[PDB]
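Structural features, examined
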Amino acid sequence: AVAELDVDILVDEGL
Amino acid sequence: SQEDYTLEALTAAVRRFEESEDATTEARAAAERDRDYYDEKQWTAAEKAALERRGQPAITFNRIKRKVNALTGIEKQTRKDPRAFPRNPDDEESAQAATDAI
Amino acid sequence: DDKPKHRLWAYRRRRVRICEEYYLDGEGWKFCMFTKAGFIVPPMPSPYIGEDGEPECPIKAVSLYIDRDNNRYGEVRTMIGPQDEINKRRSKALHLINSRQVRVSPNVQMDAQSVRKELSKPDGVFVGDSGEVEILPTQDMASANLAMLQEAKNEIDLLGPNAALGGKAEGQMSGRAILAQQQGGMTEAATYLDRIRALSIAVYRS
Amino acid sequence: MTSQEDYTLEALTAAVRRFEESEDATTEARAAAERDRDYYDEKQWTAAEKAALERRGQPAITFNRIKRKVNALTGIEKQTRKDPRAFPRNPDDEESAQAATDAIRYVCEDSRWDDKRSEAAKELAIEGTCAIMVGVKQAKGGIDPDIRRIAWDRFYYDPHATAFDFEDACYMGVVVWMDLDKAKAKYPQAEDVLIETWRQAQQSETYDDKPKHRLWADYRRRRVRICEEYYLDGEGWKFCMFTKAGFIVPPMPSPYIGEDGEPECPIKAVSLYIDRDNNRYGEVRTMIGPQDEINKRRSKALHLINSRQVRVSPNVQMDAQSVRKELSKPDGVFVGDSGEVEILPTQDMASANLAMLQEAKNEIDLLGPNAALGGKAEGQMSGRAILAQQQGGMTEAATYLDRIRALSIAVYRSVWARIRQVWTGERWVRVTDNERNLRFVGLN
Amino acid sequence: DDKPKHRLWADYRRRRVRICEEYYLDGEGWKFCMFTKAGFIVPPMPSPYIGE
Amino acid sequence: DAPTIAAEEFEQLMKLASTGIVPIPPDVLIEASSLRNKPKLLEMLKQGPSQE
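Residues numbered from 1 in each chain as written, not as in the entry; some residues may be left out. Chains lettered and ligands numbered in written order. Part of a larger assembly, values for the part shown. Heavy atoms only, no water.

Going by the header, the method for this PDB entry is cryo-EM, and the resolution given is 3.30 Å.

Below, the structure written as structure tokens:
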């Protein structure tokens, strides 16, 4: 794919 | 054979739900007791009846609610928004997309 | 079951119960709507796509504490005991304070319980000589019950979230110690905060 | 079907002997760790004491303080979270580190290493043993290294191991409980060794199913126990999978290539405290002693208060116990002369019990963490004293953080070894987005 | 002896042995020997580790 | 602990530039940041000098 989780995108918490 | 398969699947699902309900009876009862204790229901029926027979009013001093409210307020004050970070610089814009989506 | 726990229908409405189930078999995840009568939705692969592109359970759930018997509970269980002790000691002190114990001479033509009730009232009277009735001391029991109640109050204060973190001083400190107490409370609640953060991360990924 | 089985007893004994000695040699340690865990789980009263309290009418009240200290330690470990990193020994190796620091990090975000580390730290605080499996998993781009967490009660080790990372351990393994349908689906070849296990064991309940009472394994949901064991044979590390009836997987060399190119045990285990008998225990043990004095002295002082001791003249025509029960009630009455009943004094007993309970509370508060790191302390003290106590408690907790650090470093090393073993060029390009990283493909 | 200390009833299927590795300094110099209570594993030889 | 390697790199650039010991050009600094208008800022800073 183009943008898979933990490979290209990291999901976290911001302000 | 569709009817037999559907019956087997329905029986399996009902059995799974029944097993989940039965295996957690004590935990569910304890959780319900804690929830009722948080909701001013800290007196049993027998003790309330005994107090009523004695003529002594049933008085509840709740301190669990204060601690629960403090914890909930802390969690509310530490609220954070979802965010997407790129593993590599070339993924930067891609992460932005997720930040605009989620 | 239904929350109101009334279900009169003397009819008002008609309530039905359904179960959504996501179960992982050998080949993957499947989703089914069902009741005990039949299948509202026949068992099919889950229509939700996970991280790896395969069907996955859309429900994301977390728990605070897990027992050795796979039992899950929160922070109220710790405070359950002290609250019960507080209420019971309060009730016992109330009963002890408003009631008196009397020893009555056998030469009294009145009921012992009636005499005790009369002597317990603030405006009660008694007829007889000096040795007819004696009031046994019970103030020590009430005072010690009050002490136990105060100790239980201190324990329940020190059990859950910090009082300083909750806005209570209880000692009138210098103020600098308040920040350290709040830091300690944050350290204690770090596990709960991490649980919430993990749930949020799972929700965002889904 | 026919299913001709029951070949011989020697093979079965040789297969299950290591698990048998692992279970037998650690009975006392497992029982003590289970007791500590139950104490952490608001279970600090035995059946006999609860029965006696119910018989006397006194409710059972527990003042749990171990949970607060364990939560403080866990939060302290959480607040000191660190990330994996690779440092180059020499400048020319710098780029190499810039590869590993990326790749390992990816794994630590693919397997959610933070949560697994947190529960490992919790078990280290409670039971004093953490086990992390570094295996492989199937992804969209191929096979990727995966980090799994092994529960303390689902992991067994060599009882003769003396080190805290199990350098000298001869073998270690994991017990997994699986449904029979899932077991047959996963390993259809080993259908003759999957045997139903419905009867629960009372002598050793550590390695049984977590729900002890399960009235559904008869025919509805059959469950079996499978042991995956890696043992150091003379030639090298060998991995096997077996059950109580035979071998699911025959003894074969371990498929997980180690750091030095040889098969290695993927399980990384760490421990907190080791005794002279190789029994491993956590910090909660230290709080076991005083905690009982918090509870028992709480009960006795309550028993001495709601009851009174009375001496009754023999001329009284009433039962002594009935008279005592009447006099113990707040609204009780007695009919007789002054000298018939004499109330003996028991306030000194209750006061002494309360003082001893307060002393025990102070002791447990000072015991282990100084109670200031959790922001509780004792009150009526200045801020500087609180900071000093917190610093002292942090110093006393350095060993716990060192164990966590060692476990993390071992996990990262195994992750790098597995990345070198299983990752390909396409995966390297997809993850790191750097062409030069194709130089790092394979071990050569 | 063995740290678990269950030789009386256990370790029947797991055979364990004890070896003593001794470095001793006589007049000529330091020598090293592996031995047991029954025989010699490594005959007395000069220590294979070179000093400072 | 940093969400990404780029975040730690930007923090290290902040630490180096705050002291003022080394001159850090702003183009590489912006390239290492996490700003949404980073391409626009980079294009504006890297634009050629005016013909005047």
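Turning to the overall build of chain B, a few remarks are in order. A tally of helices and strands in chain B yields 5 helices and 1 strand. For chain B, the sequential pattern of α-helices and β-strands runs α-α-α-α-β-α. A compact globule built from 102 residues should have a C-alpha radius of gyration of about 13 Å, whereas chain B, at 26 Å, is more than 25% larger. The dimensions of chain B, computed from C-alpha atoms along their principal axes, are 75 × 55 × 15 Å. For chain B, the residues scored as buried account for 29% of the 102 residues in total. Only carbon and sulfur atoms are counted for the fraction: they give 52% of the accessible area of chain B, which is about 6700 Å². (Helix = DSSP H or I, 4+ residues; strand = E, 2+ residues; numbered from the N terminus. Rg over C-alpha atoms; globule rule 2.2 N^0.38 Å. Buried < 20%, exposed > 50% of the residue type's maximum accessible area, 1.4 Å probe, protein only. Areas by Shrake-Rupley, 256 points an atom, 1.4 Å probe, with all protein chains shown as cover.)

Here we come to the overall build of chain F. Each helix and strand counted, chain F has 3 helices and 0 strands in total. Reading the secondary structure of chain F in the N-to-C direction produces α-α-α. Viewed in the frame of its principal axes, chain F has a C-alpha envelope of about 50 × 30 × 10 Å. Of all 52 residues assigned to chain F, the portion counted as buried reaches 17%. For chain F, the exposed surface amounts to about 4200 Å²; the carbon and sulfur share of it is 59%. Here chain F carries 5 positive and 8 negative side-chain charges, and the mean point of each set is 5 Å from the other. (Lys, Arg positive; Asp, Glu negative; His and termini not counted. Charge placed at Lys NZ, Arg CZ, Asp CG, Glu CD.)

On to the interface of chain D and chain C, then. Across the contact, 66 residues belong to chain D and 66 residues belong to chain C. Here chain D and chain C share an interface that buries about 5800 Å² over both sides, 50% of which is from carbon and sulfur atoms. By the criterion of area lost to chain C, the three top residues of chain D are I305, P330 and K376 of chain D, representing 11% of everything that side buries. If you look at where chain D meets chain C, you find 11 salt bridges. Seen at the junction of chain D and chain C, the total is 30 residue pairs in polar contact. (Contact = heavy atoms within 4.5 Å. Buried area = accessible area lost by both parts, 1.4 Å probe. Salt bridge = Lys/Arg side-chain N within 4 Å of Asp/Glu carboxyl O. Polar contact = N/O pair within 3.5 Å; in protein donor to acceptor, adjacent residues only side chain to side chain.)

Across the 10 pairs of chains that are in contact, the largest number of contacts falls between chains C and D. If you take every C-alpha in chain C and every C-alpha in chain F, the smallest gap between them is 13 Å, and the two do not touch. There is no contact between chain E and chain F; across them, the least C-alpha separation is 40 Å.

A word on the interface of chain D and chain B. Each partner contributes residues to the interface: chain D has 10 residues there, and chain B has 7 residues. Counting each side, the surface lost to burial between chain D and chain B is near 700 Å², with a carbon and sulfur contribution of 43%. When the area that chain D buries against chain B is broken down by residue, the three leading residues are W216, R220 and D433 of chain D, summing to 51%. Summed over the shared surface of chain D and chain B, the result is 2 salt bridges. Residues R221 of chain D and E19 of chain B are paired through a salt bridge, measuring 3.9 Å at the closest nitrogen-oxygen approach.

This next bit is on the packing of helix α4 (residues 64-77) of chain B against helix α1 (residues 76-98) of chain C. Between α4 of chain B and α1 of chain C, the least distance of the axes is 10 Å, while the angle of their chain directions is 155°. One way to sum up the angle between α4 of chain B and α1 of chain C is to call them roughly antiparallel. Here the hand of the crossing between α4 of chain B and α1 of chain C comes out right-handed. For the pair formed by α4 of chain B and α1 of chain C, the contact residues are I64, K67 and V68 of chain B on the first element and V76, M79, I80 and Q83 of chain C on the second. (Axes fitted to C-alpha atoms, helices over the stretch in contact; angles between N-to-C directions. Parallel < 35°, antiparallel > 145°, perpendicular 65-115°, else oblique. Left-handed = near helix turned anticlockwise from the far one by under 90°.)

Here the focus is helix α5 (residues 94-110) of chain D. All names here are of chain D. Across its 17 residues, α5 extends 25 Å between first and last C-alpha, which sits within 8% of the 24 Å expected from 1.5 Å per residue. Taken together, the buried positions of α5 are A97, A99, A100, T101, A103, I104, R105, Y106, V107, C108 and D110. In the segment just after α5, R112 is the residue with positive phi, at about 55°. (Expected span 1.5 Å × (residues − 1).)

A surface patch of nonpolar side chains, amounting to about 510 Å² of accessible area, comprises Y23, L25, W30 and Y49 of chain E. Along the chain, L25 of chain E turns up in strand β1 (residues 20-25). (Patch = residues over 30% accessible without salt bridge, like charges linked within 9 Å, V, L, I, M, F, W, Y side chains within 5 Å.)

Here we come to the pairing of strand β2 (residues 143-150) of chain D. Residue and element names in this part refer to chain D. Examined bridge by bridge, strand β1 (residues 129-138) and β2 share 8 bridges and lie antiparallel to one another. Bridged to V134 within β2 is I147. Hairpin connection of β1 to β2: 4 residues between the antiparallel strands, including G142 at a positive phi of 145°. (Pairing = 2+ DSSP bridges.)

Attention shifts here to the sheet that holds strand β2 (residues 30-35) of chain E. Residues and elements named next belong to chain E. The strand order β1-β2-β3 describes an open sheet built from 3 strands, whose pairing is antiparallel. Both edges of this open sheet fall to β1 and β3 (40-46), since each of them pairs with a single strand only. Pairs of neighbouring strands in the sheet enclose a mean axial angle of 10°, with direction left out of account. Sheet topology note: the β1/β2 ladder contains 6 bridges and is antiparallel.

Turning to the sheet that holds strand β3 (residues 39-45) of chain C, a few remarks are in order. Here 3 strands make up an open sheet; going across it, the order is β1-β2-β3 (chain C) and the pairing antiparallel. Edge positions in the open sheet fall to β1 (19-24) and β3 of chain C, since each of these has one partner strand only. On average, adjacent strands in this sheet sit at an angle of 10° to one another, irrespective of strand direction. Here β1 of chain C pairs with strand β2 (residues 29-34) of chain C via 6 bridges, running antiparallel. Residue pairing in the sheet places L24 of chain C in a bridge with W29 of chain C of β2 of chain C. The strands touched by helix α1 (residues 2-23) of chain B within the sheet are β1, β2 and β3 of chain C, with β3 of chain C carrying the most contacts at an inclination of about 95°.

Now for empty space enclosed by the protein. Space inside the largest cavity adds up to approximately 220 Å³. Along the walls of the largest cavity sit 19 residues, with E75, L159, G160 and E188 of chain C together with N71 of chain D positioned nearest its centre. When contributions to the lining of the largest cavity are tallied by element, the ones reaching two or more residues are α4 of chain B, α1 and α4 (176-205) of chain C together with α4 (66-79) of chain D. Residues belonging to the lining of the largest cavity are distributed by class as follows: 8 nonpolar, 6 polar and 5 charged. What the second largest cavity holds in volume is close to 120 Å³. Lining the second largest cavity are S22, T26, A29, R30, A33, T129, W152, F155, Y156, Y157, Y207 and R280 of chain D. Taken together, the elements giving at least two residues each to the lining of the second largest cavity come down to α2 (27-40) and β3 (155-157) of chain D. (1 Å grid on protein atoms, 1.4 Å probe; cavity = no way out; pocket = protein on both sides within 12 Å on 5 of 7 lines; lining within 4 Å. Points joined across faces, edges and corners; volume = space filled by probe spheres on them. Nonpolar A, V, L, I, M, F, W, Y, C, P; charged D, E, K, R; others polar.)

Residues and elements named next belong to chain D. Within the largest apolar cluster, 44 residues are counted, with the highest numbers of intra-cluster contacts made by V411, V415 and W423. Those elements that place two or more of their residues in this core are α2, α4, α5, α6 (113-126), β1, α8 (284-306), α12 (398-422) and α13 (425-432). No other element matches α12, which puts 8 residues into this core. Apart from the residues lying within four places of it in its own chain, the contact partners of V415 are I104, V107, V134 and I147. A131, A161, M178 and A190 belong to the second-largest nonpolar core, a separate cluster that totals 29 residues. (Core = buried A, V, L, I, M, F, W, Y, C linked by side-chain atoms within 4.5 Å.)

Another point: the pattern of salt bridges. Applying the stated rule across the entire model yields 68 salt bridges over all chains. When the shortest N-O distance is used, the salt bridge between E155 of chain C and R65 of chain D registers 2.6 Å. Placement of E155 of chain C in helix α3 (residues 139-159) and of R65 of chain D in the loop between α3 (47-56) and α4 is noted, with the two residues assigned to different chains. Ionic contacts of the salt-bridge type, sharing partners, join the residues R15 and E19 of chain B together with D179, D209, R214, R221 and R223 of chain D into one network.

It is worth spelling out the packing of aromatic side chains at this point. Per the counting criterion, the structure on display carries 21 aromatic pairs over all chains. Here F35 of chain E and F40 of chain E contribute two aromatic rings whose centre-to-centre distance is 6.5 Å and whose plane-to-plane angle is 70°, an arrangement assigned as edge-to-face. Residue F35 of chain E is classed as partly exposed on the basis of its relative accessible area, which comes to 25%. An aromatic cluster is built from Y106, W416, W423, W428 and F440 of chain D, whose rings are joined through pairwise contacts. Above the ring of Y23 of chain C, the side-chain terminus of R16 of chain B is found at 4.2 Å from the ring centroid. For the cation-ring pair, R33 of chain B lies above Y37 of chain B, with the distance from its terminal atom to the ring centre recorded as 5.9 Å. (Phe/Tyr/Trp six-rings, centres within 6.5 Å; stacked < 30°, edge-to-face > 60°. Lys NZ or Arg CZ within 6 Å of the ring centre and 35° of its normal.)

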